[PDB]
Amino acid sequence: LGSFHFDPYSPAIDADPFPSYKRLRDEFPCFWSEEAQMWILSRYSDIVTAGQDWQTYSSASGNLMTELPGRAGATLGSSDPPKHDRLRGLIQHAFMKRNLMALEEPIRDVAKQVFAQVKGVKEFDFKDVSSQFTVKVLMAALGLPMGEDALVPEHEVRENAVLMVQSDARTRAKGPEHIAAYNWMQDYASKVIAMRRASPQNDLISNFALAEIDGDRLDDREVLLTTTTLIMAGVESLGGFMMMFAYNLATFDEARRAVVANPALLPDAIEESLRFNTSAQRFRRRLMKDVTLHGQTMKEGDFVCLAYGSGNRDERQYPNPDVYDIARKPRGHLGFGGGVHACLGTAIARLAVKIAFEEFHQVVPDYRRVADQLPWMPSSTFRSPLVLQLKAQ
(Lines of atoms letter the chains of each structure in order from A and count residues from 1; the text may use other names and numbers.)
(Lines give C-alpha, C1' and ligand atoms only; values in the text may rest on other atoms or scores of the structure.)
Protein backbone atom coordinates (compact mmCIF):
# COMPACT_ATOMS: atom_id res chain seq x y z
CA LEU A 1 0.00 0.00 0.00
CA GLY A 2 1.27 3.45 -0.98
CA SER A 3 3.74 2.49 -3.73
CA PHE A 4 3.18 4.40 -6.96
CA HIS A 5 2.11 2.49 -10.06
CA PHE A 6 1.23 3.59 -13.56
CA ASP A 7 -0.72 0.84 -15.33
CA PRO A 8 -2.02 1.91 -18.76
CA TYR A 9 -4.08 -1.30 -18.77
CA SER A 10 -6.04 -0.06 -15.72
CA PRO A 11 -9.64 1.22 -15.93
CA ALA A 12 -8.58 3.89 -13.43
CA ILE A 13 -6.12 5.28 -16.00
CA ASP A 14 -8.80 5.10 -18.74
CA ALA A 15 -11.13 7.25 -16.64
CA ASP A 16 -8.68 9.75 -15.10
CA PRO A 17 -5.03 9.53 -16.11
CA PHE A 18 -4.22 13.09 -15.18
CA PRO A 19 -3.29 12.85 -11.47
CA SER A 20 -0.99 9.93 -12.26
CA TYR A 21 0.49 11.85 -15.19
CA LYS A 22 1.30 14.71 -12.81
CA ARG A 23 3.05 12.40 -10.36
CA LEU A 24 5.02 10.98 -13.27
CA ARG A 25 6.08 14.44 -14.42
CA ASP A 26 6.94 15.73 -10.98
CA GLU A 27 8.32 12.68 -9.17
CA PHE A 28 9.07 9.94 -11.74
CA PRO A 29 9.91 11.60 -15.09
CA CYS A 30 11.48 8.42 -16.51
CA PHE A 31 9.35 5.73 -14.88
CA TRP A 32 9.51 1.97 -15.29
CA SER A 33 5.97 0.56 -15.37
CA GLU A 34 6.02 -3.12 -14.41
CA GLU A 35 2.47 -3.61 -15.68
CA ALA A 36 3.28 -2.26 -19.14
CA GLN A 37 6.89 -3.46 -19.07
CA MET A 38 8.05 -0.17 -20.51
CA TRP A 39 9.44 3.21 -19.50
CA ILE A 40 7.07 6.19 -19.38
CA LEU A 41 7.99 9.68 -20.57
CA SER A 42 5.61 12.32 -19.23
CA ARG A 43 7.18 15.78 -19.45
CA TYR A 44 6.51 17.86 -22.57
CA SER A 45 10.16 18.54 -23.33
CA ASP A 46 11.23 14.90 -22.96
CA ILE A 47 8.42 13.73 -25.24
CA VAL A 48 9.31 16.32 -27.90
CA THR A 49 12.95 15.24 -27.81
CA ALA A 50 12.16 11.52 -27.95
CA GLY A 51 9.53 11.89 -30.66
CA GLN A 52 11.91 13.88 -32.86
CA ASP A 53 14.80 11.45 -32.29
CA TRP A 54 13.47 8.53 -34.31
CA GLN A 55 17.00 7.12 -34.65
CA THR A 56 16.97 6.49 -30.89
CA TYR A 57 13.22 5.96 -30.36
CA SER A 58 12.05 3.63 -33.13
CA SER A 59 8.51 3.01 -34.33
CA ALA A 60 9.49 -0.12 -36.28
CA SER A 61 8.30 -2.47 -33.52
CA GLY A 62 4.85 -0.86 -33.42
CA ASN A 63 3.59 2.50 -32.15
CA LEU A 64 0.34 1.38 -30.48
CA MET A 65 0.68 0.55 -26.80
CA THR A 66 -0.73 -2.93 -27.51
CA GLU A 67 0.69 -4.76 -30.41
CA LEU A 68 -0.26 -4.77 -34.11
CA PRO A 69 0.00 -8.08 -36.00
CA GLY A 70 0.76 -7.41 -39.64
CA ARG A 71 3.11 -5.91 -42.23
CA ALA A 72 4.89 -2.97 -40.59
CA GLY A 73 7.07 -2.30 -43.65
CA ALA A 74 4.01 -1.09 -45.56
CA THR A 75 2.61 1.11 -42.77
CA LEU A 76 3.55 4.60 -41.75
CA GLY A 77 2.95 4.35 -38.02
CA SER A 78 5.06 1.22 -37.49
CA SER A 79 7.96 2.06 -39.81
CA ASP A 80 11.13 4.07 -39.53
CA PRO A 81 12.77 6.22 -42.19
CA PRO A 82 13.87 5.87 -44.91
CA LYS A 83 10.98 3.59 -45.87
CA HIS A 84 8.51 5.60 -43.79
CA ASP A 85 9.44 8.82 -45.56
CA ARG A 86 9.13 7.33 -49.04
CA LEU A 87 5.61 6.16 -48.18
CA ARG A 88 4.62 9.38 -46.47
CA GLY A 89 5.89 11.51 -49.34
CA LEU A 90 3.79 9.60 -51.84
CA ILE A 91 0.67 9.71 -49.67
CA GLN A 92 1.09 13.44 -49.01
CA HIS A 93 1.46 13.93 -52.76
CA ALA A 94 -1.87 12.15 -53.26
CA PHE A 95 -3.45 14.36 -50.58
CA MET A 96 -2.24 17.46 -52.41
CA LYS A 97 -3.61 16.29 -55.75
CA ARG A 98 -7.06 15.59 -54.32
CA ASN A 99 -7.18 18.87 -52.35
CA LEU A 100 -8.30 17.87 -48.87
CA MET A 101 -10.06 21.15 -48.15
CA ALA A 102 -12.38 20.48 -51.09
CA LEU A 103 -13.97 17.86 -48.82
CA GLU A 104 -15.97 20.78 -47.32
CA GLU A 105 -19.16 19.86 -49.16
CA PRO A 106 -19.25 16.06 -48.66
CA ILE A 107 -18.29 16.47 -45.00
CA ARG A 108 -20.92 19.14 -44.37
CA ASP A 109 -23.50 17.00 -46.21
CA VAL A 110 -22.66 14.09 -43.89
CA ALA A 111 -22.83 16.34 -40.82
CA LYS A 112 -26.26 17.72 -41.74
CA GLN A 113 -27.60 14.21 -42.39
CA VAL A 114 -26.15 12.68 -39.24
CA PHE A 115 -26.92 15.42 -36.76
CA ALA A 116 -30.48 15.93 -38.00
CA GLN A 117 -31.19 12.68 -36.15
CA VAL A 118 -30.95 14.42 -32.75
CA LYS A 119 -33.16 17.40 -33.61
CA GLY A 120 -35.64 17.95 -30.79
CA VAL A 121 -34.49 14.88 -28.84
CA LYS A 122 -34.53 15.21 -25.05
CA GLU A 123 -31.53 12.91 -24.47
CA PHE A 124 -29.09 11.05 -26.70
CA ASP A 125 -25.73 9.31 -26.74
CA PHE A 126 -23.20 11.32 -28.76
CA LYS A 127 -21.36 8.08 -29.53
CA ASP A 128 -23.99 7.16 -32.12
CA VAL A 129 -23.86 10.35 -34.17
CA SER A 130 -20.10 10.78 -33.77
CA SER A 131 -19.28 7.24 -34.94
CA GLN A 132 -21.65 7.57 -37.90
CA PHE A 133 -20.09 10.90 -38.85
CA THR A 134 -16.52 9.64 -38.42
CA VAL A 135 -16.88 6.58 -40.63
CA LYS A 136 -18.83 8.50 -43.27
CA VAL A 137 -16.07 11.14 -43.39
CA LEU A 138 -13.40 8.49 -43.94
CA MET A 139 -15.53 6.79 -46.61
CA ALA A 140 -16.17 10.08 -48.43
CA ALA A 141 -12.50 11.06 -48.29
CA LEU A 142 -11.12 7.72 -49.44
CA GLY A 143 -13.82 7.08 -52.01
CA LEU A 144 -15.48 4.06 -50.44
CA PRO A 145 -18.97 3.90 -51.98
CA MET A 146 -21.59 5.29 -49.63
CA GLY A 147 -25.30 4.76 -49.16
CA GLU A 148 -27.29 1.71 -48.13
CA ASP A 149 -27.87 1.12 -51.87
CA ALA A 150 -24.12 0.69 -52.45
CA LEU A 151 -23.08 -2.83 -53.43
CA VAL A 152 -21.68 -3.28 -49.91
CA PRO A 153 -24.12 -1.27 -47.76
CA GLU A 154 -22.66 1.58 -45.74
CA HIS A 155 -23.75 0.28 -42.34
CA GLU A 156 -21.81 -2.93 -42.96
CA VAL A 157 -18.65 -0.93 -43.63
CA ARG A 158 -19.29 1.11 -40.47
CA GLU A 159 -19.85 -2.00 -38.37
CA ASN A 160 -16.56 -3.53 -39.47
CA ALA A 161 -14.64 -0.25 -39.23
CA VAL A 162 -15.93 0.33 -35.69
CA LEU A 163 -15.11 -3.24 -34.61
CA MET A 164 -11.65 -3.53 -36.20
CA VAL A 165 -10.29 -0.63 -34.11
CA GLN A 166 -11.56 -2.14 -30.85
CA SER A 167 -9.62 -4.48 -28.60
CA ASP A 168 -10.51 -6.99 -25.92
CA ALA A 169 -11.49 -5.09 -22.79
CA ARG A 170 -9.61 -7.49 -20.51
CA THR A 171 -6.23 -7.79 -22.24
CA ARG A 172 -6.42 -4.62 -24.41
CA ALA A 173 -5.21 -6.81 -27.30
CA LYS A 174 -7.06 -7.76 -30.47
CA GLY A 175 -9.25 -10.84 -30.52
CA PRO A 176 -10.42 -13.01 -33.42
CA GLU A 177 -13.44 -10.84 -34.23
CA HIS A 178 -11.25 -7.72 -34.43
CA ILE A 179 -8.77 -9.41 -36.77
CA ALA A 180 -11.68 -10.77 -38.82
CA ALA A 181 -13.05 -7.23 -39.18
CA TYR A 182 -9.63 -6.03 -40.31
CA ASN A 183 -9.43 -8.80 -42.90
CA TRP A 184 -12.99 -8.05 -44.05
CA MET A 185 -11.98 -4.43 -44.52
CA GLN A 186 -8.81 -5.39 -46.42
CA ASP A 187 -10.89 -7.47 -48.84
CA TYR A 188 -13.48 -4.71 -49.20
CA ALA A 189 -10.84 -2.04 -49.79
CA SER A 190 -9.09 -4.25 -52.36
CA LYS A 191 -12.25 -4.40 -54.46
CA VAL A 192 -12.63 -0.61 -54.36
CA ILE A 193 -8.96 -0.09 -55.25
CA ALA A 194 -9.30 -2.34 -58.29
CA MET A 195 -12.38 -0.42 -59.40
CA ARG A 196 -10.55 2.91 -59.05
CA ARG A 197 -7.54 1.59 -60.97
CA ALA A 198 -9.88 0.77 -63.86
CA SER A 199 -11.72 4.12 -63.66
CA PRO A 200 -10.03 6.75 -61.46
CA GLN A 201 -12.34 9.09 -59.56
CA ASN A 202 -12.05 12.29 -57.52
CA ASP A 203 -11.16 10.52 -54.27
CA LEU A 204 -8.08 9.61 -52.26
CA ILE A 205 -7.86 5.95 -53.30
CA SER A 206 -7.66 6.96 -56.96
CA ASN A 207 -4.93 9.48 -56.15
CA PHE A 208 -2.97 6.85 -54.22
CA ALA A 209 -2.80 4.69 -57.35
CA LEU A 210 -1.86 7.66 -59.54
CA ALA A 211 0.69 9.40 -57.30
CA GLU A 212 4.24 9.40 -58.68
CA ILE A 213 7.39 11.29 -57.67
CA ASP A 214 10.23 10.86 -60.20
CA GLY A 215 9.18 7.39 -61.30
CA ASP A 216 8.37 6.16 -57.78
CA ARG A 217 4.92 4.79 -56.95
CA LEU A 218 3.19 2.85 -54.19
CA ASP A 219 3.32 -0.89 -54.87
CA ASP A 220 0.31 -3.20 -54.64
CA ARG A 221 0.88 -3.95 -50.96
CA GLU A 222 1.24 -0.20 -50.36
CA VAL A 223 -1.95 1.28 -51.86
CA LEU A 224 -3.98 -1.32 -49.97
CA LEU A 225 -2.20 -0.94 -46.65
CA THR A 226 -2.32 2.86 -46.98
CA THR A 227 -6.09 2.75 -47.49
CA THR A 228 -6.70 0.36 -44.59
CA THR A 229 -4.36 2.01 -42.10
CA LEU A 230 -5.94 5.41 -42.83
CA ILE A 231 -9.36 3.91 -42.08
CA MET A 232 -7.99 2.37 -38.90
CA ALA A 233 -6.17 5.49 -37.74
CA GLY A 234 -9.02 7.83 -38.62
CA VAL A 235 -11.82 5.83 -37.03
CA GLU A 236 -10.00 5.27 -33.75
CA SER A 237 -8.63 8.79 -33.31
CA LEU A 238 -11.27 11.04 -34.88
CA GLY A 239 -14.20 9.19 -33.35
CA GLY A 240 -12.65 9.39 -29.91
CA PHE A 241 -11.77 13.03 -30.27
CA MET A 242 -15.26 13.96 -31.51
CA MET A 243 -16.43 12.55 -28.18
CA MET A 244 -13.76 14.43 -26.19
CA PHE A 245 -14.70 17.77 -27.78
CA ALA A 246 -18.41 17.32 -27.07
CA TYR A 247 -17.53 16.19 -23.54
CA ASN A 248 -15.59 19.39 -22.97
CA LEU A 249 -18.28 21.66 -24.41
CA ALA A 250 -20.98 19.85 -22.42
CA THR A 251 -18.90 20.29 -19.25
CA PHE A 252 -17.78 23.92 -19.66
CA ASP A 253 -20.87 26.08 -20.18
CA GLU A 254 -19.05 29.31 -21.01
CA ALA A 255 -16.98 27.66 -23.76
CA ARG A 256 -20.05 26.00 -25.28
CA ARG A 257 -22.08 29.21 -25.24
CA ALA A 258 -19.18 31.09 -26.82
CA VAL A 259 -18.64 28.78 -29.78
CA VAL A 260 -22.38 28.39 -30.41
CA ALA A 261 -22.81 32.17 -30.55
CA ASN A 262 -19.61 32.61 -32.61
CA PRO A 263 -18.79 29.44 -34.56
CA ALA A 264 -15.62 31.12 -35.84
CA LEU A 265 -14.20 30.24 -32.41
CA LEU A 266 -14.50 26.52 -33.08
CA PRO A 267 -10.97 26.03 -34.53
CA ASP A 268 -9.38 27.57 -31.43
CA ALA A 269 -11.62 25.54 -29.11
CA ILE A 270 -10.72 22.37 -31.02
CA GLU A 271 -7.00 23.09 -30.50
CA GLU A 272 -7.55 23.63 -26.77
CA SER A 273 -9.40 20.28 -26.61
CA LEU A 274 -6.53 18.58 -28.45
CA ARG A 275 -4.20 20.00 -25.81
CA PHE A 276 -6.47 19.47 -22.80
CA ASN A 277 -7.39 15.89 -23.72
CA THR A 278 -6.50 14.39 -27.07
CA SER A 279 -8.05 11.02 -27.80
CA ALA A 280 -4.57 9.80 -28.84
CA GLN A 281 -3.05 9.76 -25.37
CA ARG A 282 -0.11 7.31 -25.33
CA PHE A 283 2.09 5.75 -28.01
CA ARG A 284 5.14 3.55 -27.84
CA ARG A 285 8.67 3.47 -29.18
CA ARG A 286 11.57 1.03 -28.88
CA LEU A 287 15.05 2.08 -27.81
CA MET A 288 17.75 1.56 -30.43
CA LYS A 289 20.56 2.30 -27.94
CA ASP A 290 21.03 2.82 -24.22
CA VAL A 291 19.75 6.18 -22.98
CA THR A 292 20.26 7.71 -19.54
CA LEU A 293 17.47 10.13 -18.64
CA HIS A 294 16.77 11.71 -15.24
CA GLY A 295 19.17 9.28 -13.59
CA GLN A 296 17.48 6.20 -15.09
CA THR A 297 19.44 3.88 -17.36
CA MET A 298 17.08 2.82 -20.15
CA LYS A 299 18.50 0.03 -22.28
CA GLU A 300 18.57 -0.86 -25.96
CA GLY A 301 15.51 -2.92 -26.81
CA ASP A 302 13.42 -1.54 -23.96
CA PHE A 303 10.11 0.03 -24.90
CA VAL A 304 9.09 3.57 -24.01
CA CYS A 305 5.69 5.27 -23.77
CA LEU A 306 5.36 8.79 -25.13
CA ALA A 307 2.43 10.08 -23.06
CA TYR A 308 1.28 12.91 -25.30
CA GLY A 309 -1.70 13.45 -23.01
CA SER A 310 0.71 14.12 -20.14
CA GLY A 311 3.03 16.46 -22.01
CA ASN A 312 0.01 18.55 -23.00
CA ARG A 313 -0.85 18.99 -19.30
CA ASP A 314 2.71 20.00 -18.31
CA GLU A 315 2.79 23.41 -16.60
CA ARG A 316 6.41 23.69 -17.73
CA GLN A 317 5.00 24.30 -21.22
CA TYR A 318 1.42 25.51 -20.64
CA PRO A 319 0.57 27.80 -17.69
CA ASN A 320 -2.46 26.66 -15.68
CA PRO A 321 -2.51 23.47 -17.78
CA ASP A 322 -5.60 21.99 -16.09
CA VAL A 323 -7.69 25.00 -17.13
CA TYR A 324 -9.80 24.54 -20.26
CA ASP A 325 -9.38 27.93 -21.95
CA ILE A 326 -10.58 28.12 -25.53
CA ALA A 327 -8.83 31.47 -25.89
CA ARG A 328 -5.47 29.86 -25.08
CA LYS A 329 -4.53 29.22 -28.73
CA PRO A 330 -2.01 26.55 -27.71
CA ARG A 331 0.94 26.12 -30.05
CA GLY A 332 3.13 23.07 -30.32
CA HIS A 333 0.70 20.80 -28.54
CA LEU A 334 1.19 17.04 -28.78
CA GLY A 335 -2.42 16.07 -29.51
CA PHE A 336 -1.38 14.95 -33.02
CA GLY A 337 2.05 13.76 -31.92
CA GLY A 338 5.18 15.29 -33.37
CA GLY A 339 8.07 14.54 -35.64
CA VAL A 340 8.10 12.38 -38.70
CA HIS A 341 4.96 10.50 -37.58
CA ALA A 342 2.89 13.58 -36.71
CA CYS A 343 -0.70 12.84 -37.61
CA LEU A 344 -1.12 12.46 -41.35
CA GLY A 345 -4.80 13.25 -40.88
CA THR A 346 -4.26 16.58 -39.09
CA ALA A 347 -5.85 18.76 -41.77
CA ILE A 348 -8.75 16.36 -42.42
CA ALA A 349 -9.43 16.07 -38.69
CA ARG A 350 -9.37 19.82 -38.06
CA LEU A 351 -11.78 20.39 -40.96
CA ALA A 352 -14.08 17.51 -40.04
CA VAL A 353 -14.46 18.40 -36.35
CA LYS A 354 -15.05 22.06 -37.24
CA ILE A 355 -17.78 21.27 -39.76
CA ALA A 356 -19.34 18.62 -37.53
CA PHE A 357 -19.79 20.99 -34.60
CA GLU A 358 -20.87 23.89 -36.83
CA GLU A 359 -23.80 21.72 -37.93
CA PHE A 360 -24.38 19.90 -34.61
CA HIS A 361 -24.75 23.23 -32.81
CA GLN A 362 -27.35 24.44 -35.31
CA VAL A 363 -29.43 21.39 -34.37
CA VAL A 364 -28.64 21.34 -30.62
CA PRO A 365 -27.39 24.80 -29.54
CA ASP A 366 -27.36 23.99 -25.80
CA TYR A 367 -26.63 20.70 -24.05
CA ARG A 368 -25.03 19.26 -20.93
CA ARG A 369 -23.82 15.91 -19.66
CA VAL A 370 -26.48 13.67 -18.19
CA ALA A 371 -23.93 11.89 -16.01
CA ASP A 372 -21.49 12.75 -13.24
CA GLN A 373 -19.49 9.53 -13.57
CA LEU A 374 -19.13 8.34 -17.19
CA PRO A 375 -17.86 4.98 -18.44
CA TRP A 376 -14.53 5.22 -20.27
CA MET A 377 -13.31 3.07 -23.13
CA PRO A 378 -10.69 0.41 -22.30
CA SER A 379 -7.63 1.27 -24.36
CA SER A 380 -3.94 1.46 -23.54
CA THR A 381 -3.45 4.05 -26.33
CA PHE A 382 -6.67 6.01 -26.76
CA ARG A 383 -9.09 7.70 -24.38
CA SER A 384 -12.75 8.61 -24.82
CA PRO A 385 -16.06 7.89 -23.07
CA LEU A 386 -17.87 4.69 -23.93
CA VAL A 387 -21.16 6.58 -23.57
CA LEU A 388 -21.55 10.37 -23.76
CA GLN A 389 -25.16 10.89 -22.78
CA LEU A 390 -26.16 14.49 -23.50
CA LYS A 391 -29.38 16.29 -22.56
CA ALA A 392 -30.76 19.19 -24.57
CA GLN A 393 -30.89 22.35 -22.47
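Quick note: we count residues from 1 along the sequence shown, nothing fancier.
Remark: stretch with higher mean C-alpha B factor among 242-250 and 171-179 is 171-179. The mean Cα B-factor in the deposited entry runs higher for 62-70 than for the other of 22-30 and 62-70. Within the selection 273, 79, 130, 237, the deposited Cα B-factor values reach their highest point at 79. When the C-alpha B-factors of 92, 320, 279, 317 are read from the PDB record, the largest value belongs to 92. Sort the modelled residues of the chain by CA B factor and residue 283 lands in the lowest third. When the modelled residues of the chain are ordered by their C-alpha B factor, residue 302 lands in the middle third. Sort the modelled residues of the chain by CA B factor and residue 101 lands in the middle third.
In the deposited entry, the Cα temperature factor of residue 365 sits in the middle third of values across the chain's modelled residues.
In the deposited entry, the Cα temperature factor of residue 261 sits in the middle third of values across the chain's modelled residues.
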